[PDB]
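S.K.: Dropping in target-v1.txt, which is compact mmCIF, C-alpha atoms and all ligand atoms:
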# COMPACT_ATOMS: atom_id res chain seq x y z
CA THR A 700 85.59 35.53 -3.57
CA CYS A 701 83.14 33.69 -5.89
CA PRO A 702 82.50 36.02 -8.85
CA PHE A 703 78.99 36.98 -9.95
CA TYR A 704 79.18 35.11 -13.25
CA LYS A 705 79.49 31.70 -11.42
CA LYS A 706 76.21 32.10 -9.47
CA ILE A 707 72.72 31.38 -10.67
CA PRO A 708 70.09 33.92 -9.52
CA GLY A 709 67.23 32.64 -7.42
CA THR A 710 68.74 29.21 -6.80
CA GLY A 711 71.22 27.73 -4.39
CA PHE A 712 73.53 26.99 -7.34
CA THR A 713 77.04 27.72 -8.63
CA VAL A 714 78.80 26.56 -11.78
CA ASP A 715 82.54 25.75 -11.86
CA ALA A 716 83.10 27.30 -8.43
CA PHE A 717 85.37 24.91 -6.48
CA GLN A 718 88.41 27.20 -5.76
CA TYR A 719 86.76 29.66 -3.26
CA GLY A 720 86.18 27.41 -0.22
CA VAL A 721 82.63 27.06 1.08
CA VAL A 722 80.50 29.50 -0.92
CA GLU A 723 77.98 31.24 1.39
CA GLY A 724 74.56 29.86 0.40
CA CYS A 725 75.38 27.21 -2.24
CA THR A 726 73.36 23.95 -1.90
CA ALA A 727 74.62 22.39 -5.17
CA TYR A 728 77.90 22.80 -7.12
CA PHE A 729 77.74 22.21 -10.91
CA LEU A 730 80.81 21.19 -12.89
CA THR A 731 80.48 21.64 -16.67
CA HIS A 732 83.60 19.66 -17.66
CA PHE A 733 86.87 18.12 -16.35
CA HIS A 734 89.45 20.81 -17.27
CA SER A 735 91.65 22.11 -14.41
CA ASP A 736 90.62 25.79 -14.54
CA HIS A 737 87.05 24.58 -13.92
CA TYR A 738 87.56 21.74 -11.41
CA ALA A 739 90.34 23.60 -9.47
CA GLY A 740 89.80 23.00 -5.78
CA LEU A 741 88.10 19.58 -5.89
CA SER A 742 89.62 16.59 -4.06
CA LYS A 743 88.63 13.52 -1.98
CA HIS A 744 87.90 15.92 0.94
CA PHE A 745 85.03 17.72 -0.80
CA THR A 746 81.80 16.97 1.13
CA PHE A 747 79.05 18.87 -0.81
CA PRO A 748 76.99 17.47 -3.71
CA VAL A 749 78.54 17.89 -7.17
CA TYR A 750 76.41 17.61 -10.28
CA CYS A 751 77.80 16.69 -13.70
CA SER A 752 77.66 14.29 -16.66
CA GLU A 753 78.39 10.58 -16.24
CA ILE A 754 81.83 11.03 -17.92
CA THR A 755 82.90 13.94 -15.70
CA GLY A 756 81.66 11.71 -12.85
CA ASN A 757 83.99 8.84 -13.82
CA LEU A 758 87.01 11.21 -13.77
CA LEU A 759 86.14 12.78 -10.40
CA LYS A 760 85.81 9.29 -8.93
CA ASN A 761 89.02 7.87 -10.48
CA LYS A 762 91.44 10.78 -11.01
CA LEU A 763 90.50 13.11 -8.12
CA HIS A 764 89.26 10.35 -5.74
CA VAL A 765 86.07 12.26 -4.84
CA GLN A 766 83.80 10.08 -2.69
CA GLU A 767 80.99 8.37 -4.67
CA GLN A 768 78.19 9.75 -2.40
CA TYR A 769 78.93 13.38 -3.39
CA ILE A 770 79.02 12.64 -7.11
CA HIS A 771 75.60 13.03 -8.75
CA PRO A 772 75.81 12.11 -12.46
CA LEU A 773 72.85 13.14 -14.73
CA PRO A 774 71.85 11.83 -18.19
CA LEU A 775 71.87 14.23 -21.16
CA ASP A 776 68.72 15.58 -22.85
CA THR A 777 66.60 14.71 -19.82
CA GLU A 778 64.47 16.87 -17.48
CA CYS A 779 65.71 16.28 -13.90
CA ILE A 780 64.88 18.10 -10.63
CA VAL A 781 67.75 19.32 -8.34
CA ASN A 782 66.69 20.93 -5.00
CA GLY A 783 63.29 21.73 -6.50
CA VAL A 784 64.63 23.15 -9.77
CA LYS A 785 64.15 21.72 -13.26
CA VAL A 786 67.49 21.34 -15.08
CA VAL A 787 68.69 19.76 -18.31
CA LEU A 788 72.19 18.89 -19.41
CA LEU A 789 73.07 19.25 -23.13
CA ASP A 790 76.26 18.35 -25.07
CA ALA A 791 78.74 21.25 -25.30
CA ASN A 792 80.83 20.03 -28.25
CA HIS A 793 83.93 20.76 -26.22
CA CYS A 794 85.88 17.86 -24.50
CA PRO A 795 84.48 14.46 -23.47
CA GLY A 796 81.72 14.74 -20.89
CA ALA A 797 81.42 18.49 -21.38
CA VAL A 798 77.92 19.88 -20.86
CA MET A 799 75.73 22.95 -21.18
CA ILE A 800 73.16 23.49 -18.36
CA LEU A 801 69.57 24.77 -18.81
CA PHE A 802 68.04 26.08 -15.58
CA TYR A 803 64.26 26.59 -15.30
CA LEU A 804 63.87 29.08 -12.41
CA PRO A 805 60.70 28.86 -10.22
CA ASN A 806 59.73 32.40 -11.22
CA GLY A 807 59.52 31.52 -15.00
CA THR A 808 62.99 32.71 -16.06
CA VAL A 809 65.14 30.38 -18.18
CA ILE A 810 68.95 30.46 -18.09
CA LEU A 811 71.53 28.67 -20.33
CA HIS A 812 75.10 28.42 -19.09
CA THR A 813 77.23 27.16 -22.01
CA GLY A 814 80.23 26.01 -19.97
CA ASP A 815 83.02 25.82 -22.53
CA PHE A 816 81.58 24.99 -25.97
CA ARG A 817 82.01 24.96 -29.73
CA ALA A 818 78.71 26.16 -31.13
CA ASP A 819 77.25 23.98 -33.85
CA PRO A 820 74.04 24.26 -35.86
CA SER A 821 73.04 20.81 -34.46
CA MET A 822 72.37 22.63 -31.17
CA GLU A 823 69.55 24.56 -32.84
CA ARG A 824 67.56 21.23 -32.76
CA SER A 825 68.16 20.21 -29.11
CA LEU A 826 65.72 20.95 -26.24
CA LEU A 827 66.86 24.56 -26.75
CA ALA A 828 64.42 25.00 -29.68
CA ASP A 829 61.42 24.32 -27.40
CA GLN A 830 61.46 27.62 -25.42
CA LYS A 831 62.73 31.09 -24.73
CA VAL A 832 65.97 31.82 -22.88
CA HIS A 833 66.22 34.97 -20.80
CA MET A 834 69.91 34.85 -19.76
CA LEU A 835 72.93 33.22 -21.46
CA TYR A 836 76.20 32.70 -19.56
CA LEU A 837 78.47 32.44 -22.61
CA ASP A 838 81.95 31.02 -23.30
CA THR A 839 83.51 34.06 -25.00
CA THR A 840 87.04 32.73 -25.47
CA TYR A 841 87.21 33.76 -29.17
CA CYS A 842 84.72 36.68 -29.28
CA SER A 843 86.52 38.77 -31.94
CA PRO A 844 86.40 38.64 -35.75
CA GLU A 845 90.13 37.93 -36.31
CA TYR A 846 89.37 34.49 -34.73
CA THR A 847 88.63 32.23 -37.70
CA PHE A 848 89.65 28.62 -38.00
CA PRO A 849 88.71 25.53 -40.00
CA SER A 850 86.33 22.73 -39.25
CA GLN A 851 87.45 19.81 -37.14
CA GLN A 852 86.72 17.54 -40.21
CA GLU A 853 89.13 19.47 -42.42
CA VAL A 854 91.85 19.42 -39.76
CA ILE A 855 91.58 15.62 -39.20
CA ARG A 856 91.75 15.16 -42.99
CA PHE A 857 95.01 17.18 -43.04
CA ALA A 858 96.67 15.22 -40.22
CA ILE A 859 95.67 11.80 -41.60
CA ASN A 860 97.07 12.44 -45.10
CA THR A 861 100.24 14.04 -43.76
CA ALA A 862 100.90 11.16 -41.36
CA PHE A 863 100.06 8.33 -43.75
CA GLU A 864 102.25 9.96 -46.45
CA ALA A 865 105.38 10.33 -44.28
CA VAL A 866 105.16 6.75 -42.88
CA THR A 867 104.58 5.06 -46.28
CA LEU A 868 107.62 7.02 -47.58
CA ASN A 869 109.68 6.06 -44.50
CA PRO A 870 108.42 3.04 -42.46
CA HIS A 871 111.02 3.71 -39.74
CA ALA A 872 109.31 7.11 -38.95
CA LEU A 873 107.58 7.71 -35.59
CA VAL A 874 104.45 9.83 -35.12
CA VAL A 875 104.26 11.81 -31.85
CA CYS A 876 101.25 13.85 -30.60
CA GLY A 877 101.19 16.25 -27.64
CA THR A 878 98.53 16.46 -24.89
CA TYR A 879 97.88 18.14 -21.48
CA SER A 880 94.17 17.75 -20.69
CA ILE A 881 91.21 15.75 -22.00
CA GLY A 882 89.73 16.73 -25.43
CA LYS A 883 91.02 16.51 -29.01
CA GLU A 884 91.40 12.71 -28.80
CA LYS A 885 90.28 12.45 -32.48
CA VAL A 886 93.68 13.78 -33.59
CA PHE A 887 95.79 10.92 -32.31
CA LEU A 888 93.06 8.27 -32.66
CA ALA A 889 92.52 9.11 -36.39
CA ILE A 890 96.26 9.03 -37.12
CA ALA A 891 96.57 5.65 -35.35
CA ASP A 892 93.54 4.22 -37.21
CA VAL A 893 94.96 5.06 -40.72
CA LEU A 894 98.39 3.72 -39.68
CA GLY A 895 96.97 0.49 -38.14
CA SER A 896 98.66 1.08 -34.74
CA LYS A 897 97.32 1.62 -31.22
CA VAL A 898 98.36 4.73 -29.34
CA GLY A 899 101.18 4.26 -26.88
CA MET A 900 100.86 6.43 -23.77
CA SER A 901 101.79 6.71 -20.09
CA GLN A 902 99.78 4.77 -17.54
CA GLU A 903 98.31 8.01 -16.03
CA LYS A 904 96.92 9.02 -19.44
CA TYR A 905 95.71 5.48 -20.27
CA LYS A 906 93.77 5.72 -16.98
CA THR A 907 92.35 9.08 -18.05
CA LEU A 908 91.22 7.82 -21.44
CA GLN A 909 89.76 4.63 -19.89
CA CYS A 910 87.17 6.85 -17.99
CA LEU A 911 85.64 8.30 -21.17
CA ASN A 912 83.18 5.61 -22.45
CA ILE A 913 84.80 5.68 -25.90
CA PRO A 914 83.58 2.77 -28.16
CA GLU A 915 86.11 -0.09 -28.62
CA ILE A 916 88.80 1.99 -26.77
CA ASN A 917 90.67 -1.20 -25.61
CA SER A 918 91.48 -1.84 -29.29
CA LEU A 919 92.81 1.72 -29.84
CA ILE A 920 95.13 2.37 -26.89
CA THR A 921 97.92 0.73 -24.90
CA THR A 922 100.66 1.47 -22.36
CA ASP A 923 103.10 -0.63 -24.39
CA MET A 924 105.21 1.97 -26.14
CA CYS A 925 107.33 -0.64 -27.97
CA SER A 926 104.40 -2.15 -29.91
CA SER A 927 103.07 1.27 -31.03
CA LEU A 928 104.24 3.82 -33.67
CA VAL A 929 101.83 6.64 -32.58
CA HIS A 930 103.07 8.03 -29.27
CA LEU A 931 101.43 10.56 -26.91
CA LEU A 932 103.67 12.86 -24.91
CA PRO A 933 103.15 15.90 -22.71
CA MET A 934 102.68 19.05 -24.72
CA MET A 935 105.76 20.39 -22.89
CA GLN A 936 107.96 17.69 -24.43
CA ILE A 937 106.93 18.67 -28.06
CA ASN A 938 110.03 20.65 -29.17
CA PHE A 939 113.41 19.80 -30.76
CA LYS A 940 115.22 19.01 -27.45
CA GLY A 941 112.34 16.89 -26.07
CA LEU A 942 111.86 14.92 -29.30
CA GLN A 943 115.59 14.16 -29.89
CA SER A 944 115.54 12.90 -26.27
CA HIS A 945 112.47 10.70 -26.66
CA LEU A 946 113.87 9.48 -30.01
CA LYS A 947 116.90 8.10 -28.12
CA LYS A 948 114.59 6.26 -25.66
CA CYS A 949 113.22 4.17 -28.57
CA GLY A 950 116.62 2.53 -29.16
CA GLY A 951 117.26 2.72 -32.91
CA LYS A 952 113.74 1.46 -33.73
CA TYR A 953 113.01 4.78 -35.50
CA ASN A 954 115.09 7.41 -37.45
CA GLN A 955 112.49 10.22 -38.05
CA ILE A 956 109.83 11.94 -35.89
CA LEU A 957 106.78 13.68 -37.31
CA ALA A 958 105.04 15.48 -34.43
CA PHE A 959 101.71 17.37 -34.14
CA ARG A 960 100.92 20.20 -31.70
CA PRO A 961 97.17 20.85 -31.63
CA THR A 962 96.93 24.53 -30.73
CA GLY A 963 93.75 26.61 -30.43
CA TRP A 964 94.01 29.75 -32.58
CA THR A 965 97.37 30.95 -33.94
CA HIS A 966 97.95 34.22 -35.97
CA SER A 967 99.01 32.20 -39.08
CA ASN A 968 95.18 31.47 -39.44
CA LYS A 969 94.51 35.12 -40.44
CA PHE A 970 96.68 34.57 -43.56
CA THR A 971 97.10 30.84 -44.23
CA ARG A 972 94.55 28.17 -45.32
CA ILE A 973 94.72 24.65 -43.72
CA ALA A 974 95.99 23.23 -47.07
CA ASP A 975 99.13 25.43 -47.01
CA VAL A 976 100.37 24.68 -43.42
CA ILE A 977 104.07 23.72 -43.11
CA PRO A 978 106.17 22.29 -40.27
CA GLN A 979 109.25 23.47 -38.38
CA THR A 980 112.07 21.06 -39.33
CA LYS A 981 115.44 20.46 -37.58
CA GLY A 982 117.18 17.46 -39.16
CA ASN A 983 115.16 14.24 -38.84
CA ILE A 984 112.46 15.97 -36.65
CA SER A 985 109.44 17.95 -37.99
CA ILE A 986 106.70 19.70 -35.93
CA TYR A 987 103.20 20.59 -37.19
CA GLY A 988 101.09 23.14 -35.33
CA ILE A 989 97.44 22.40 -36.25
CA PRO A 990 94.43 24.63 -35.30
CA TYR A 991 92.06 22.09 -33.85
CA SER A 992 89.63 24.08 -31.71
CA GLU A 993 87.07 22.82 -29.21
CA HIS A 994 85.86 26.47 -28.73
CA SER A 995 83.46 28.45 -30.99
CA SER A 996 84.95 30.56 -33.75
CA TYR A 997 83.67 34.21 -33.85
CA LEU A 998 81.15 33.34 -36.62
CA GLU A 999 79.95 30.06 -35.05
CA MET A 1000 79.33 31.97 -31.77
CA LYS A 1001 77.68 34.86 -33.54
CA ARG A 1002 75.33 32.51 -35.37
CA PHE A 1003 74.34 30.66 -32.18
CA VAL A 1004 73.57 33.82 -30.23
CA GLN A 1005 71.50 35.33 -33.07
CA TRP A 1006 69.49 32.12 -33.34
CA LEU A 1007 69.01 32.04 -29.54
CA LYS A 1008 68.06 35.76 -29.22
CA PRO A 1009 68.71 35.92 -25.49
CA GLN A 1010 67.54 38.91 -23.38
CA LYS A 1011 70.83 39.29 -21.45
CA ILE A 1012 74.34 37.94 -22.09
CA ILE A 1013 76.86 37.41 -19.25
CA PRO A 1014 80.38 36.60 -20.49
CA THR A 1015 82.55 33.99 -18.68
CA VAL A 1016 85.96 34.17 -20.44
CA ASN A 1017 88.09 37.30 -21.05
CA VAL A 1018 86.22 39.13 -18.25
CA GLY A 1019 89.32 40.24 -16.33
CA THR A 1020 90.01 43.49 -18.31
CA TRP A 1021 87.89 46.54 -19.10
CA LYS A 1022 89.04 46.74 -22.71
CA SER A 1023 87.90 43.11 -23.17
CA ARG A 1024 84.52 43.57 -21.44
CA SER A 1025 83.95 46.75 -23.43
CA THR A 1026 84.78 45.12 -26.78
CA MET A 1027 82.54 42.11 -26.11
CA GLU A 1028 79.47 44.30 -25.35
CA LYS A 1029 80.12 46.10 -28.64
CA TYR A 1030 79.77 42.85 -30.64
CA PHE A 1031 76.72 41.79 -28.61
CA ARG A 1032 74.98 45.05 -29.47
CA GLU A 1033 75.94 44.67 -33.15
CA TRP A 1034 74.59 41.09 -33.28
CA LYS A 1035 71.36 42.28 -31.62
CA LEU A 1036 70.89 45.28 -33.87
CA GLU A 1037 71.72 43.22 -37.00
CA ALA A 1038 69.14 40.48 -36.12
CA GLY A 1039 66.39 42.70 -34.66
CA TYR A 1040 65.89 41.18 -31.15
NI NI B 1101 87.69 23.86 -21.21
How does the structure come out when it is put into structure tokens?

M.R.:
Amino acid sequence: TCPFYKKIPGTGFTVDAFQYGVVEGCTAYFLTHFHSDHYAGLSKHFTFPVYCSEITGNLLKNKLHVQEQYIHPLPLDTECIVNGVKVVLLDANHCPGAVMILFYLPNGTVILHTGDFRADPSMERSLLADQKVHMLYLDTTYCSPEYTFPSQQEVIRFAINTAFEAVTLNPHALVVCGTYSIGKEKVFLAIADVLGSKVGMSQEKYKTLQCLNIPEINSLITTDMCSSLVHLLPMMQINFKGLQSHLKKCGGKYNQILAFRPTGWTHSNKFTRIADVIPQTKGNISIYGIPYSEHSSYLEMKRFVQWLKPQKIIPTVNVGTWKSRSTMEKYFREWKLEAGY
């Protein structure tokens, strides 16, 4: 059954609630972003209104074949009315098209549901600065102090230099990058840009990326593997067996693979700096695990909540265990006591 943290009090609304059949009482389904845990359930046969960003709209139309009449795309940073309720979509600094939703309830309450997000200080100067927020439905994926990780800028620096170095030393070397959902495009796009190649991918993934309103994207991507020396693969195929295999498919055009796995957090972050990361190497194949996150670090999250000063916090990730729930309320109370709200 639809859980309580996917319903919006005093509205006919749910968020990211497509895997529970018809929800008793819902007049509008919101979808924060196109990642399968959140869209799970949607298909061409869905006949209720869905609300979302223009980019999430393009993917529902083209990848899930949802009928155009049930897709209601909204512009960001703009006050719109949905079944008599003022709402605003804001950028979530997660994957392309990913949004936060502000709900202005008829009774005077104000609610912010973050979807998935990576908190930034730039958010402190959106339409969020203009008014109080009473409830915050918060992406809590990394709500624990051991969760540190570097900036996206630092990580893209690392990958660029690494890639450019290896290829200038050995021009017959192939760069491979893993993927399974949208998001983190900057990794492979930045490597291809410094190398002067487009990014070879499967047709299904070229179709995915074509839906994203990226600037000049035609110039950056291709389905022609042979012309390209930066290749996308499934994240499943990024291991020694899968790379030796793919290497053979290229027909003696390359002798060395340098591959990147963008992970979220990994326990080498508690000890190691980004500058000191090393690969796993078996012969002519090396694999880099890089901590590119599109989710708030503990500090980034902490900062955002203490600036927002909400009256109630309702977690949306790591809610399935009592130890987790308990631990998260402990940090919330600390943040509150430390900041005085
Ligand atoms: Ni997500």

S.K.: Write out as AutoDock Vina command-line options an axis-aligned box for segment 972-984 of chain A: all of its atoms listed in the file, 6 Å added on each side, centre and edge lengths in Å with one decimal.

M.R.:
--center_x 105.9 --center_y 21.2 --center_z -41.9 --size_x 34.6 --size_y 25.9 --size_z 22.4

S.K.: Please, which residues have at least one atom within 8 Å of an atom of ligand NI 1101 (chain B), using all atoms listed in the file, listed as an MDAnalysis selection string?

M.R.: chainID A and resid 732:734 736:737 793:794 814:816

S.K.: Take the selection from the previous step and output its residues with C-alpha atoms, as a short mmCIF file (atom, residue, chain, number, x, y, z; two decimals), in the frame of the given file.

M.R.:
data_model
loop_
_atom_site.label_atom_id
_atom_site.label_comp_id
_atom_site.auth_asym_id
_atom_site.auth_seq_id
_atom_site.Cartn_x
_atom_site.Cartn_y
_atom_site.Cartn_z
CA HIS A 732 83.60 19.66 -17.66
CA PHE A 733 86.87 18.12 -16.35
CA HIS A 734 89.45 20.81 -17.27
CA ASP A 736 90.62 25.79 -14.54
CA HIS A 737 87.05 24.58 -13.92
CA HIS A 793 83.93 20.76 -26.22
CA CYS A 794 85.88 17.86 -24.50
CA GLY A 814 80.23 26.01 -19.97
CA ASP A 815 83.02 25.82 -22.53
CA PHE A 816 81.58 24.99 -25.97
#

S.K.: With all atoms listed in the file as the atoms that count, which of A:731, A:713, A:851, A:1010 lies nearest to residue 752 of chain A?

M.R.: A:731

S.K.: Restricting the calculation to all atoms listed in the file, which member of A:1000, A:875, A:925, A:832 is positioned closest to residue 949 of chain A?

M.R.: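 Using all atoms listed in the file, residue 949 of chain A sits closest to A:925.
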
S.K.: Could you build a table of the residues in segment 952-1039 of chain A lying no more than 8 Å from segment 929-946 of chain A, giving for each the nearest pair of atoms and their separation in Å rounded to one decimal place, using all atoms listed in the file, ordered by chain and ascending residue number, as JSON lines?

M.R.:
{"residue": "A:953", "atom": "CA", "partner": "A:946", "partner_atom": "CA", "distance": 7.3}
{"residue": "A:954", "atom": "CA", "partner": "A:946", "partner_atom": "CA", "distance": 7.8}
{"residue": "A:956", "atom": "CA", "partner": "A:942", "partner_atom": "CA", "distance": 7.5}
{"residue": "A:958", "atom": "CA", "partner": "A:937", "partner_atom": "CA", "distance": 7.4}
{"residue": "A:960", "atom": "CA", "partner": "A:937", "partner_atom": "CA", "distance": 7.2}
{"residue": "A:981", "atom": "CA", "partner": "A:939", "partner_atom": "CA", "distance": 7.1}
{"residue": "A:984", "atom": "CA", "partner": "A:939", "partner_atom": "CA", "distance": 7.1}
{"residue": "A:986", "atom": "CA", "partner": "A:938", "partner_atom": "CA", "distance": 7.6}

S.K.: Near segment 886-900 of chain A, counting only C-alpha atoms, which residues have an atom at most 7 Å away, once you skip same-chain residues fewer than 5 positions from it, shown as a list in words?

M.R.: residues 855, 858, 859, 862, 863, 876, 905, 919, 920, 921, 922, 923, 924, 927, 928, 929, 930 and 931 of chain A

S.K.: Quick one: write out the picked residues with C-alpha atoms as a tab-separated table (two decimals), in the frame of the given file?

M.R.:
chain	number	residue	atom	x	y	z
A	855	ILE	CA	91.58	15.62	-39.20
A	858	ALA	CA	96.67	15.22	-40.22
A	859	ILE	CA	95.67	11.80	-41.60
A	862	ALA	CA	100.90	11.16	-41.36
A	863	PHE	CA	100.06	8.33	-43.75
A	876	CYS	CA	101.25	13.85	-30.60
A	905	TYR	CA	95.71	5.48	-20.27
A	919	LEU	CA	92.81	1.72	-29.84
A	920	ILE	CA	95.13	2.37	-26.89
A	921	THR	CA	97.92	0.73	-24.90
A	922	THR	CA	100.66	1.47	-22.36
A	923	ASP	CA	103.10	-0.63	-24.39
A	924	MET	CA	105.21	1.97	-26.14
A	927	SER	CA	103.07	1.27	-31.03
A	928	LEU	CA	104.24	3.82	-33.67
A	929	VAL	CA	101.83	6.64	-32.58
A	930	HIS	CA	103.07	8.03	-29.27
A	931	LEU	CA	101.43	10.56	-26.91

S.K.: Could you make a table, as CSV, of the residues of segment 830-881 of chain A that have an atom within 12 Å of an atom of segment 701-712 of chain A, each with its nearest atom pair and distance in Å to one decimal, counting only C-alpha atoms, in chain and number order?

M.R.:
residue,atom,partner,partner_atom,distance
A:833,CA,A:708,CA,12.0
A:834,CA,A:707,CA,10.1
A:835,CA,A:704,CA,10.5
A:836,CA,A:704,CA,7.4
A:837,CA,A:704,CA,9.8
A:838,CA,A:704,CA,11.2

S.K.: Which residue is closest to residue 778 of chain A? Choose from A:972, A:852, A:826, A:993 and count only C-alpha atoms.

M.R.: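 Comparing A:972, A:852, A:826, A:993 against residue 778 of chain A, the winner is A:826.
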
S.K.: Please measure the separation of atom CA of residue 992 of chain A and atom CA of residue 1026 of chain A, giving the value in Å to one decimal.

M.R.: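 Value for the atom CA of residue 992 of chain A-atom CA of residue 1026 of chain A distance: 22.1 Å.
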
S.K.: Could you check the closest approach to residue 985 of chain A for each of A:1005, A:861, A:955, A:971 and tell me which residue wins, using all atoms listed in the file?

M.R.: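 When distances to residue 985 of chain A are compared using all atoms listed in the file, the smallest one comes from A:955.
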
S.K.: Quick one: pull the distance between atom CA of residue 769 of chain A and atom CA of residue 781 of chain A, Å, one decimal.

M.R.: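 These two atoms are separated by 13.6 Å.
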
S.K.: Which one of A:883, A:909, A:722, A:1008 sits closest to residue 962 of chain A if you count all atoms listed in the file?

M.R.: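 Once distances to residue 962 of chain A are computed over all atoms listed in the file, the minimum belongs to A:883.
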
S.K.: What's the 7 Å shell around segment 746-750 of chain A, counting only C-alpha atoms, without same-chain residues fewer than 3 positions away, as a ChimeraX atom specification?

M.R.: /A:727-730,769-772

S.K.: Work out how far atom CA of residue 1009 of chain A is from atom CA of residue 1039 of chain A, in Å to one decimal.

M.R.: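 The value is 11.6 Å.
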
S.K.: For residue 774 of chain A, which residue among A:982, A:798, A:1036, A:1018 is the nearest when counting only C-alpha atoms?

M.R.: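 Comparing A:982, A:798, A:1036, A:1018 against residue 774 of chain A, the winner is A:798.
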
S.K.: Would you mind completing segment 848-861 of chain A so that it carries N, CA, C and O atoms, and writing it out as a PDB file, in the frame of the given file?

M.R.:
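To be explicit, this is the file written out as result_16.pdb:
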ATOM      1  N   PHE A 848      88.913  29.869 -37.856  1.00  0.00           N
ATOM      2  CA  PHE A 848      89.650  28.620 -38.000  1.00  0.00           C
ATOM      3  C   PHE A 848      88.807  27.537 -38.684  1.00  0.00           C
ATOM      4  O   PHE A 848      87.578  27.649 -38.735  1.00  0.00           O
ATOM      5  N   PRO A 849      89.470  26.506 -39.239  1.00  0.00           N
ATOM      6  CA  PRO A 849      88.710  25.530 -40.000  1.00  0.00           C
ATOM      7  C   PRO A 849      87.842  24.587 -39.164  1.00  0.00           C
ATOM      8  O   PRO A 849      87.814  24.633 -37.938  1.00  0.00           O
ATOM      9  N   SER A 850      87.119  23.742 -39.876  1.00  0.00           N
ATOM     10  CA  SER A 850      86.330  22.730 -39.250  1.00  0.00           C
ATOM     11  C   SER A 850      87.250  21.666 -38.667  1.00  0.00           C
ATOM     12  O   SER A 850      88.368  21.465 -39.136  1.00  0.00           O
ATOM     13  N   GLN A 851      86.763  20.978 -37.651  1.00  0.00           N
ATOM     14  CA  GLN A 851      87.450  19.810 -37.140  1.00  0.00           C
ATOM     15  C   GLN A 851      87.619  18.743 -38.253  1.00  0.00           C
ATOM     16  O   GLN A 851      88.678  18.128 -38.329  1.00  0.00           O
ATOM     17  N   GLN A 852      86.624  18.559 -39.132  1.00  0.00           N
ATOM     18  CA  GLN A 852      86.720  17.540 -40.210  1.00  0.00           C
ATOM     19  C   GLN A 852      87.902  17.800 -41.117  1.00  0.00           C
ATOM     20  O   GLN A 852      88.665  16.884 -41.415  1.00  0.00           O
ATOM     21  N   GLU A 853      88.028  19.048 -41.560  1.00  0.00           N
ATOM     22  CA  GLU A 853      89.130  19.470 -42.420  1.00  0.00           C
ATOM     23  C   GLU A 853      90.490  19.236 -41.754  1.00  0.00           C
ATOM     24  O   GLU A 853      91.443  18.834 -42.414  1.00  0.00           O
ATOM     25  N   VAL A 854      90.588  19.543 -40.464  1.00  0.00           N
ATOM     26  CA  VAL A 854      91.850  19.420 -39.760  1.00  0.00           C
ATOM     27  C   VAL A 854      92.261  17.939 -39.624  1.00  0.00           C
ATOM     28  O   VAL A 854      93.413  17.598 -39.826  1.00  0.00           O
ATOM     29  N   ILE A 855      91.312  17.066 -39.314  1.00  0.00           N
ATOM     30  CA  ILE A 855      91.580  15.620 -39.200  1.00  0.00           C
ATOM     31  C   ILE A 855      91.929  15.033 -40.569  1.00  0.00           C
ATOM     32  O   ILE A 855      92.805  14.168 -40.654  1.00  0.00           O
ATOM     33  N   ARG A 856      91.290  15.504 -41.638  1.00  0.00           N
ATOM     34  CA  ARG A 856      91.750  15.160 -42.990  1.00  0.00           C
ATOM     35  C   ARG A 856      93.260  15.480 -43.155  1.00  0.00           C
ATOM     36  O   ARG A 856      94.058  14.592 -43.485  1.00  0.00           O
ATOM     37  N   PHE A 857      93.637  16.732 -42.886  1.00  0.00           N
ATOM     38  CA  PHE A 857      95.010  17.180 -43.040  1.00  0.00           C
ATOM     39  C   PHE A 857      95.993  16.259 -42.318  1.00  0.00           C
ATOM     40  O   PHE A 857      96.976  15.812 -42.899  1.00  0.00           O
ATOM     41  N   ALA A 858      95.722  15.973 -41.052  1.00  0.00           N
ATOM     42  CA  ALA A 858      96.670  15.220 -40.220  1.00  0.00           C
ATOM     43  C   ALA A 858      96.827  13.781 -40.705  1.00  0.00           C
ATOM     44  O   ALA A 858      97.939  13.265 -40.747  1.00  0.00           O
ATOM     45  N   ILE A 859      95.707  13.160 -41.064  1.00  0.00           N
ATOM     46  CA  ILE A 859      95.670  11.800 -41.600  1.00  0.00           C
ATOM     47  C   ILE A 859      96.557  11.650 -42.851  1.00  0.00           C
ATOM     48  O   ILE A 859      97.415  10.785 -42.913  1.00  0.00           O
ATOM     49  N   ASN A 860      96.328  12.497 -43.840  1.00  0.00           N
ATOM     50  CA  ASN A 860      97.070  12.440 -45.100  1.00  0.00           C
ATOM     51  C   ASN A 860      98.544  12.679 -44.885  1.00  0.00           C
ATOM     52  O   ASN A 860      99.371  11.927 -45.401  1.00  0.00           O
ATOM     53  N   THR A 861      98.863  13.733 -44.128  1.00  0.00           N
ATOM     54  CA  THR A 861     100.240  14.040 -43.760  1.00  0.00           C
ATOM     55  C   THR A 861     100.928  12.852 -43.118  1.00  0.00           C
ATOM     56  O   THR A 861     102.033  12.511 -43.501  1.00  0.00           O
TER      57      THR A 861
END
